[PDB]
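Worksheet for the structure shown next.
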4 protein chains.
Amino acid sequence: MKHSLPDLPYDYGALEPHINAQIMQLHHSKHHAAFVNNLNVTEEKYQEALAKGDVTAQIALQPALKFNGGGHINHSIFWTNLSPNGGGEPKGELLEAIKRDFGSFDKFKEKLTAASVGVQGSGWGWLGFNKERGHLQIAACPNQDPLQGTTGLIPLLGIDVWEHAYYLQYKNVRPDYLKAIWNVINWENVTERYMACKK
Amino acid sequence: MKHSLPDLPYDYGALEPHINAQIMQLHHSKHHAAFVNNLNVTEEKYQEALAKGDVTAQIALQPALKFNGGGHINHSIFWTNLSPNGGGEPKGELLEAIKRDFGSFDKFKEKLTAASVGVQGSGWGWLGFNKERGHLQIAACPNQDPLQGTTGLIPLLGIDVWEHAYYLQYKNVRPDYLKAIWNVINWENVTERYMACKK
Amino acid sequence: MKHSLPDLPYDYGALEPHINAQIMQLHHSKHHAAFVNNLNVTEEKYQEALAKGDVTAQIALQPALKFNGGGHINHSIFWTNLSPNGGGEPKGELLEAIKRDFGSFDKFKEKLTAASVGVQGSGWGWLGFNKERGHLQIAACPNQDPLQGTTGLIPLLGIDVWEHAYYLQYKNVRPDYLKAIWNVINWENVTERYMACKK
Amino acid sequence: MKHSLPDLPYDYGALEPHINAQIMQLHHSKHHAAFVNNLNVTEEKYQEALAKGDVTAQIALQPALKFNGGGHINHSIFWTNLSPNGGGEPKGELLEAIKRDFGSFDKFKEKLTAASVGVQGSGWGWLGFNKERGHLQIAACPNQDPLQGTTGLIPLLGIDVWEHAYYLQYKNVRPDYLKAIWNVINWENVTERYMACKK
Ligand SMILES: [K+]
Ligand SMILES: [K+]
Ligand SMILES: [Mn+2]
Ligand SMILES: [Mn+2]
Ligand SMILES: [Mn+2]
Ligand SMILES: [Mn+2]
C-alpha cells in the first residue's frame, strides 16, 4: 500500500508558545518521516518472508514493525488531536462522559497528566474508549506501542512523552510540557473520535 | 506456502524410560499440531492486514505470530534434537568447540542445565551458534520466543522446559527431567546443525 | 517477618471431580511451598543488598522476587477463591456490580474465561476491583506477576492457567479446565473481598 | 546508605565539541540527580515494605527501583568512561582482547555503534566482559536496565542513547553523536575496568 507521511493540519508554528515550531518541525519532518520510511521498508521485508514461509524472518522483523508502525499510528493521531484553535474544555456527550467516568474535567486532566508523567522511558499517555465496557479509560503505552493494537482501546487523545516531544523547549521538565499542552487540545477532533465509537 | 506438522522421526515410546509415550504423543500430536494450525491462521490474517496497510491489525497479530510461529520453529527443531539413538557425547569438531568455548563437555552440560532450570514460567534453554563471533553460545528464551528470530543465534540444541514437556512423568521436579533428557540428545543432529554453520 | 505456607482450607480431594486430588496436593504442597521458601530466601538477599546499597544486587533479585512473591500472593488468594461449597452465582451487591459492569453474570463468565484462555504461556486471569474508578475490571497477568502489584487492581477472583493447574487431569485442553472450575468458585470469599473494597 | 550524585570528573564543557556543555550539565545535574533522589525515596519505601512483609508493595516499587537504580548505576559508569584527555585507541591487553574478540579496533567500533544505533526507544549500548566465558561481549539494554544486574556482564564502556544524551546538539541524528563520542572515550578507565575483571 505504501504508507505516506500525512500533512500536518496546521503550520509548524501554529502551536506556539506551548510547543515551539522547532519541535513540531523536527517531530513531523524527521521523526514521523523516519517511522513512515522504515515502516515501508519493514513491510516489504515482511511480504518477502511471508511468501517464503520464513517465520524466523517474520519474528525478527517484529520489533521494527511495532516500533515504526506504532510510531506512524500514534503520530498520525497526535497531529489531529492538537490545533491552534484548541484548548478549553469539550462539550456535549464527550464532556458528559468525562464527568461520568472521571468525576470532573479537572479530575480527568489530573489523571491523564499523572499517567503521562508516570511513563519511565519513552512512551505515550492515552485517553481511550473501551468498546466492550462502553466507557472512557486512561492507559499508558511504552515506546511506540500503539493503543488499539496492543490494548484494544480506541484512541481518543494521545500525549507523546518521548523526550523529542518536549526536550528542546522544556528540557527535563516534562510536567511543564504536560501543563502547556492543554492549551492546544483539539476537542473537536477528540469529540469526533468519541462519537465514532458510539454506534 | 502452508506450514505442516512434521511427523515424529521415531515411535512415541522410543524415548522411554526418559520421556514417556504419553508425553511424546500429547506434545507432538496436540501441542505442536495446534501451533502449526494457529500459525497458518495467523499468517493468513497478517497477509490480509499487510494488503490493506492495516498496521493496527498487523501489530495486534504479533503475539499470536511469535507464539505459534515460535512454537512451530522450536518444536520442529526439538524432535530432531532427540533420538532413541542419542545420549553420550558428541564427537569431532562439535566436541572440540564445546571444550574450547565451555571448558569441557560436563561444564557445558552444567551451563545449559542451569539456563533451562532458571526459566521462570514457560520457556526453552538453547545451545546456539553466534555467527558474528564464530563460536557457541548458551541462551534462554521465554514462552515460545524462537532463538534465531529473537537473538540472531543459530539453534543447535533446544531443551523445552514448558510444563507440558515433563509434568505427566516428573511432576514439579524439573531437574529430574533435565537429568533424564541428556540420555536422548541426538548429537548426530546437533553436529549436522553445527557443521552447517561453519560452511 | 517470615512468610508462611497457608494450609489448604479443605481436603485435597474436596474439589473432585472438577480438580482432582493429585493436582491439589502437588499444587499446594509442592508448587506453593516452593514459592514461599524461595520468597523468604529472596527477601533476605534483598535486605542484605539494601543494607549495603548494592543496587546491582537489588535489580538482579527483582525477577525472583516478583516470581516467588507473586507466586505466594496469587496462590494464597487462589485457595480461598475455591471451595467444595462453591459454584453457582454470587448474590447481593457483587452480583449487582457484575450485572452493572459486564451486562450479566454469563457475559462476565465469558470475559473472564476469554482472558484466561488467551494467556500464552503461563499466567492468570483476574476479576479485580478498580479503586479509582469504583468498578470491577478483568485483567490477565503473565507468569506469577500479581494483580495489585503490577496493575493496582484489587484481586477478587483469580484463575490459574499455568499447566500445573490442570494438565494431569485435562492435558492440553485448557477450556475443559475452565469449564470445570466454575463449579468450585467460592463466591462467599469473592464477595468478602469485594465488600472490603467498598469500605 | 543514602546514594549520592557523584561529582563529574571534569568540567561540564570538557567534552566539547563532541558533547556540548548544556547537555553535560543537564545530564548530570538534572537527569542523574533525579535518579539519585528517586532511588533514595524508593529504597526507603522498600525498607518499609520489607519490614511489613508487604510483597505487593515491594513488587509495585520494582519499576521505579530498576529505572532510578539503573539510571544511577549506568550514569555513574558513563561519566568515568569519558574524558577530555580521551579518544584514540586503547593499548595493552584491552587492545589485544578487542582484536581477538572482534577482529580489529575498527570492527569493534562498527559493532558497538551498530548496537547503539539499533536501540529503539531509550537505552544503552555496552561493551562488557563475560566472566564465565572470559572474553569481551557487546550488548544493548532498554531504558535504564543496567548491564550487570540484568545480564551478568561486567560493564566496561557504555554509550547512552537516550535522546537527552544527544538531542539538544544532534537532534534526531543519533549516528552523528555516535561518531563524535569516540573522540572522548577514556580508554584509561575502560582498561582499568577490564584489568579488574581478569584475576
Ligand atoms: K519402547
Ligand atoms: K472427595
Ligand atoms: Mn513522538
Ligand atoms: Mn513444548
Ligand atoms: Mn499455580
Ligand atoms: Mn542518560
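Residue numbers start at 1 in each chain; chains themselves are named A, B, ... in the order of the C-alpha cells; ligands are numbered from 1 in the order shown.
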Practice task
With a distance cut-off of 8 Å and only C-alpha atoms, select the neighbouring residues of stretch 175-178 of chain A, excluding the residue or stretch itself and same-chain residues fewer than 5 positions from it, and output the selection as a PyMOL selection string.
Solution key: chain A and resi 18-19+113+116-117+166+170
Practice task
Considering only C-alpha atoms, extract the chain B residues located within 12 Å of chain A and return them as a ChimeraX atom specification.
Solution key: /B:1-4,36,39-40,42-74,144-155
Handout entry: Site check for ligand 2: residues at most 12 Å away, only C-alpha atoms and all ligand atoms, as a VMD selection string
Key = chain C and resid 10 to 22 24 84
Practice task
Find the residues around residue A:192 up to 12 Å (only C-alpha atoms counted), leave out those fewer than 5 positions away in its own chain, and share them as a ChimeraX atom specification.
Solution key: /A:80-81,90-94,155-157,186-187,197-198
Can you work out which residues are within 10 Å of ligand 3, considering only C-alpha atoms and all ligand atoms, and then hand them over as a compact mmCIF listing (two decimals) with N, CA, C and O atoms, in the first residue's frame?
# COMPACT_ATOMS: atom_id res chain seq x y z
N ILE A 23 10.38 22.11 17.52
CA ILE A 23 9.95 20.77 17.92
C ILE A 23 8.96 20.21 16.91
O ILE A 23 9.12 19.08 16.43
N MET A 24 7.93 20.99 16.57
CA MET A 24 6.92 20.50 15.64
C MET A 24 7.55 20.11 14.31
O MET A 24 7.22 19.07 13.73
N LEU A 26 10.79 19.24 13.62
CA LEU A 26 11.57 18.01 13.77
C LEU A 26 10.66 16.81 13.97
O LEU A 26 10.87 15.75 13.36
N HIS A 27 9.66 16.95 14.83
CA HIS A 27 8.80 15.83 15.20
C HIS A 27 8.08 15.26 13.97
O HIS A 27 7.99 14.04 13.81
N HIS A 28 7.58 16.14 13.10
CA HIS A 28 6.86 15.71 11.91
C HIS A 28 7.81 15.33 10.79
O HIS A 28 7.75 14.21 10.26
N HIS A 31 11.10 12.78 12.73
CA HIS A 31 10.73 11.59 13.49
C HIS A 31 9.61 10.82 12.80
O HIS A 31 9.75 9.62 12.52
N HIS A 32 8.50 11.49 12.50
CA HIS A 32 7.40 10.79 11.85
C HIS A 32 7.81 10.31 10.46
O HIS A 32 7.51 9.17 10.08
N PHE A 35 9.64 7.08 10.76
CA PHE A 35 8.74 5.96 11.03
C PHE A 35 8.10 5.47 9.74
O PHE A 35 8.04 4.26 9.49
N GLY A 71 4.82 4.01 15.71
CA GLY A 71 5.14 5.42 15.57
C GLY A 71 4.28 6.12 14.54
O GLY A 71 3.80 7.24 14.77
N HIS A 72 4.04 5.46 13.41
CA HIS A 72 3.19 6.05 12.38
C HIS A 72 1.75 6.19 12.88
O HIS A 72 1.13 7.25 12.73
N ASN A 74 0.61 6.35 16.02
CA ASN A 74 0.46 7.26 17.15
C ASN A 74 0.59 8.71 16.71
O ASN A 74 -0.19 9.57 17.13
N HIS A 75 1.60 9.01 15.88
CA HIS A 75 1.82 10.39 15.47
C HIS A 75 0.73 10.87 14.53
O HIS A 75 0.36 12.05 14.57
N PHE A 78 -1.85 11.93 16.84
CA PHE A 78 -1.40 13.04 17.67
C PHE A 78 -1.59 14.38 16.95
O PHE A 78 -2.10 15.34 17.54
N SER A 122 10.59 6.16 27.19
CA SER A 122 9.79 6.72 26.11
C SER A 122 8.39 6.09 26.13
O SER A 122 8.23 4.91 26.44
N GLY A 123 7.38 6.88 25.78
CA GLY A 123 6.04 6.34 25.73
C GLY A 123 4.99 7.42 25.52
O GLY A 123 5.30 8.55 25.16
N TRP A 124 3.73 7.03 25.77
CA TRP A 124 2.56 7.85 25.49
C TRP A 124 1.53 7.67 26.60
O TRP A 124 1.38 6.59 27.17
N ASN A 143 7.25 3.10 24.62
CA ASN A 143 7.89 3.30 23.32
C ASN A 143 6.89 3.78 22.28
O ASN A 143 6.25 4.82 22.47
N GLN A 144 6.74 3.04 21.18
CA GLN A 144 5.73 3.37 20.18
C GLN A 144 4.60 2.35 20.13
O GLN A 144 3.84 2.32 19.15
N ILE A 159 -1.00 11.79 24.38
CA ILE A 159 0.02 12.73 24.84
C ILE A 159 1.37 12.04 24.68
O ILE A 159 1.68 11.08 25.40
N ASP A 160 2.18 12.53 23.75
CA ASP A 160 3.51 11.98 23.49
C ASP A 160 4.46 12.45 24.59
O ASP A 160 4.64 13.66 24.77
N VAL A 161 5.06 11.51 25.33
CA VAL A 161 6.04 11.88 26.35
C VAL A 161 7.44 11.36 26.04
O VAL A 161 8.28 11.27 26.94
N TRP A 162 7.71 11.02 24.78
CA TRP A 162 9.09 10.88 24.35
C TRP A 162 9.81 12.21 24.55
O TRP A 162 9.21 13.28 24.42
N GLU A 163 11.10 12.13 24.85
CA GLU A 163 11.85 13.36 25.09
C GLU A 163 11.85 14.28 23.88
O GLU A 163 11.80 15.50 24.03
N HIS A 164 11.84 13.72 22.66
CA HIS A 164 11.82 14.58 21.48
C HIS A 164 10.53 15.40 21.36
O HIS A 164 10.50 16.35 20.57
N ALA A 165 9.48 15.04 22.09
CA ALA A 165 8.24 15.81 22.05
C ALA A 165 8.33 17.11 22.84
O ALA A 165 7.47 17.98 22.65
N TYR A 166 9.34 17.27 23.70
CA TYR A 166 9.34 18.44 24.58
C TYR A 166 10.72 18.96 24.95
O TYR A 166 10.84 20.08 25.45
Exercise for the section: For atom CA of residue C:30 and atom CA of residue C:174, determine how far apart the two atoms are, in Å to one decimal place. Expected result: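 According to the coordinates, atom CA of residue C:30 and atom CA of residue C:174 are separated by 21.3 Å.
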Handout entry: residue D:109 environment, 10 Å, only C-alpha atoms, sequence neighbours closer than 4 positions dropped, as a list in words
Key =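 With the cut-off at 10 Å, the set is residues 98, 102, 104, 105, 113, 114, 115, 178, 179 and 182 of chain D.
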Next, dump the selected residues to file, keeping only N, CA, C and O atoms, as a CSV table (one decimal), in the first residue's frame.
chain,number,residue,atom,x,y,z
D,98,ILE,N,40.3,-6.8,22.3
D,98,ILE,CA,39.4,-6.2,21.2
D,98,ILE,C,39.8,-6.9,19.9
D,98,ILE,O,38.9,-7.3,19.1
D,102,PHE,N,36.9,-9.2,18.4
D,102,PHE,CA,36.1,-8.5,17.3
D,102,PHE,C,36.9,-8.4,16.0
D,102,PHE,O,36.3,-7.9,15.0
D,104,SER,N,39.3,-6.4,14.9
D,104,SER,CA,40.2,-5.2,14.9
D,104,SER,C,39.4,-4.2,15.7
D,104,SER,O,38.3,-4.3,16.1
D,105,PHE,N,40.2,-3.1,16.0
D,105,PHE,CA,39.5,-2.0,16.7
D,105,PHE,C,38.5,-1.3,15.9
D,105,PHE,O,37.4,-1.0,16.4
D,113,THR,N,28.8,0.7,17.6
D,113,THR,CA,28.0,1.7,17.0
D,113,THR,C,26.7,1.1,16.5
D,113,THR,O,25.6,1.6,16.8
D,114,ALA,N,26.7,-0.1,15.9
D,114,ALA,CA,25.5,-0.7,15.4
D,114,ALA,C,24.6,-1.1,16.5
D,114,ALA,O,23.3,-0.9,16.4
D,115,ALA,N,25.1,-1.6,17.6
D,115,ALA,CA,24.2,-1.9,18.7
D,115,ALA,C,23.6,-0.7,19.3
D,115,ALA,O,22.4,-0.7,19.7
D,178,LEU,N,27.1,9.2,17.8
D,178,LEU,CA,27.9,8.0,18.0
D,178,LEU,C,29.2,8.2,17.3
D,178,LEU,O,30.2,7.6,17.9
D,179,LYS,N,29.3,8.8,16.2
D,179,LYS,CA,30.7,9.1,15.6
D,179,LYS,C,31.5,10.0,16.5
D,179,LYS,O,32.7,9.8,16.7
D,182,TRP,N,33.5,8.9,20.1
D,182,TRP,CA,34.7,8.2,20.1
D,182,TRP,C,35.9,9.1,20.4
D,182,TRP,O,36.9,8.6,20.9
Handout entry: All helix (DSSP H, G or I) positions in chain C, as a PyMOL selection string
Key = chain C and resi 21-52+55-81+92-102+105-118+147-151+163-165+167-170+174-184+187-197
Could you save those same residues with C-alpha atoms as a CSV table (one decimal), in the first residue's frame?
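Once written, out.csv looks like this:
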chain,number,residue,atom,x,y,z
C,21,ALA,CA,-6.7,-34.6,44.4
C,22,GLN,CA,-3.3,-35.3,42.8
C,23,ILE,CA,-3.3,-31.7,41.3
C,24,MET,CA,-4.4,-30.1,44.6
C,25,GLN,CA,-1.7,-31.9,46.6
C,26,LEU,CA,1.0,-31.1,44.1
C,27,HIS,CA,-0.2,-27.5,43.5
C,28,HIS,CA,-0.3,-26.7,47.2
C,29,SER,CA,2.3,-28.9,48.9
C,30,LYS,CA,5.0,-28.6,46.1
C,31,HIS,CA,4.4,-25.5,43.9
C,32,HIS,CA,3.2,-23.1,46.6
C,33,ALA,CA,5.6,-24.4,49.2
C,34,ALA,CA,8.5,-23.7,46.8
C,35,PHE,CA,7.3,-20.1,46.2
C,36,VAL,CA,7.1,-19.3,49.9
C,37,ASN,CA,10.5,-20.7,50.7
C,38,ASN,CA,12.1,-19.1,47.6
C,39,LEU,CA,10.4,-15.8,48.6
C,40,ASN,CA,11.9,-15.8,52.0
C,41,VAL,CA,15.3,-16.6,50.6
C,42,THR,CA,15.0,-13.7,48.1
C,43,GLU,CA,13.7,-11.2,50.7
C,44,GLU,CA,16.7,-12.0,52.9
C,45,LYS,CA,19.1,-11.4,50.0
C,46,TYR,CA,17.3,-8.1,49.2
C,47,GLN,CA,17.6,-7.0,52.8
C,48,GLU,CA,21.3,-7.6,52.6
C,49,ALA,CA,21.6,-5.7,49.3
C,50,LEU,CA,19.5,-2.8,50.5
C,51,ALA,CA,21.7,-2.5,53.7
C,52,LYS,CA,24.9,-2.4,51.5
C,55,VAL,CA,21.7,-1.6,43.6
C,56,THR,CA,23.0,-4.1,41.1
C,57,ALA,CA,22.2,-6.9,43.5
C,58,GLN,CA,18.7,-5.4,44.2
C,59,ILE,CA,17.9,-5.3,40.5
C,60,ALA,CA,19.3,-8.8,39.9
C,61,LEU,CA,16.9,-10.1,42.6
C,62,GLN,CA,13.8,-8.5,41.1
C,63,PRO,CA,12.8,-11.4,38.8
C,64,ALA,CA,13.0,-13.9,41.7
C,65,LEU,CA,11.1,-11.5,44.0
C,66,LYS,CA,8.3,-10.9,41.5
C,67,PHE,CA,8.1,-14.6,40.5
C,68,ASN,CA,8.2,-16.1,44.0
C,69,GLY,CA,6.5,-13.2,45.8
C,70,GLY,CA,3.8,-13.2,43.1
C,71,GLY,CA,3.5,-16.9,43.3
C,72,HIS,CA,2.9,-16.6,47.0
C,73,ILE,CA,0.4,-13.8,46.6
C,74,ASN,CA,-1.6,-15.4,43.8
C,75,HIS,CA,-1.8,-18.9,45.3
C,76,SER,CA,-2.8,-17.6,48.7
C,77,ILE,CA,-5.8,-15.9,47.1
C,78,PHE,CA,-6.5,-18.8,44.8
C,79,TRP,CA,-7.0,-21.4,47.6
C,80,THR,CA,-9.6,-19.1,49.2
C,81,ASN,CA,-11.3,-18.5,45.8
C,92,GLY,CA,-26.2,-9.2,46.8
C,93,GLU,CA,-24.0,-6.3,45.8
C,94,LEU,CA,-21.3,-8.4,44.0
C,95,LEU,CA,-24.0,-9.8,41.6
C,96,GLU,CA,-25.3,-6.3,41.1
C,97,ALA,CA,-21.9,-5.0,40.3
C,98,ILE,CA,-21.3,-7.9,37.9
C,99,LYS,CA,-24.5,-7.2,36.0
C,100,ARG,CA,-23.8,-3.5,36.0
C,101,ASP,CA,-20.2,-3.7,34.8
C,102,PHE,CA,-20.5,-6.7,32.4
C,105,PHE,CA,-23.2,-13.0,35.0
C,106,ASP,CA,-23.0,-15.1,31.9
C,107,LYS,CA,-21.3,-12.3,30.0
C,108,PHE,CA,-18.9,-11.8,32.9
C,109,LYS,CA,-18.1,-15.6,32.8
C,110,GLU,CA,-17.3,-15.3,29.0
C,111,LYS,CA,-15.0,-12.3,29.5
C,112,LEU,CA,-13.0,-13.9,32.4
C,113,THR,CA,-12.8,-17.2,30.5
C,114,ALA,CA,-11.6,-15.4,27.4
C,115,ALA,CA,-8.9,-13.6,29.3
C,116,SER,CA,-7.8,-16.9,30.9
C,117,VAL,CA,-7.9,-18.9,27.7
C,118,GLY,CA,-6.0,-16.0,26.0
C,147,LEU,CA,-2.6,-8.3,40.0
C,148,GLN,CA,-2.3,-5.5,42.6
C,149,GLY,CA,1.5,-5.1,42.5
C,150,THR,CA,1.5,-4.7,38.7
C,151,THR,CA,-1.8,-3.1,37.9
C,163,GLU,CA,-0.2,-26.0,33.1
C,164,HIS,CA,0.4,-27.4,36.5
C,165,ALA,CA,-3.0,-26.2,37.5
C,167,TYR,CA,-2.5,-30.8,33.0
C,168,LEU,CA,-2.6,-34.0,34.9
C,169,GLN,CA,-6.4,-34.1,34.5
C,170,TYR,CA,-7.3,-32.1,31.4
C,174,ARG,CA,-7.4,-25.8,28.9
C,175,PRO,CA,-11.0,-24.9,28.0
C,176,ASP,CA,-12.2,-28.1,29.7
C,177,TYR,CA,-10.5,-27.0,32.9
C,178,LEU,CA,-12.0,-23.5,32.7
C,179,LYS,CA,-15.5,-25.0,32.3
C,180,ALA,CA,-15.0,-27.2,35.3
C,181,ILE,CA,-13.6,-24.5,37.6
C,182,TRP,CA,-16.8,-22.5,37.7
C,183,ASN,CA,-18.4,-25.4,39.7
C,184,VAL,CA,-16.0,-24.7,42.6
C,187,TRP,CA,-18.4,-16.8,45.7
C,188,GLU,CA,-18.6,-16.2,49.5
C,189,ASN,CA,-14.9,-15.4,49.5
C,190,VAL,CA,-15.1,-13.3,46.3
C,191,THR,CA,-18.0,-11.3,48.0
C,192,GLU,CA,-15.9,-10.7,51.1
C,193,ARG,CA,-13.0,-9.4,49.1
C,194,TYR,CA,-15.4,-7.1,47.1
C,195,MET,CA,-17.2,-5.8,50.2
C,196,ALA,CA,-13.8,-4.9,51.7
C,197,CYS,CA,-13.1,-2.7,48.7
Practice task
May I ask for the distance between atom CA of residue D:173 and atom CA of residue B:132, given in Å to one decimal place?
Solution key: 26.7 Å
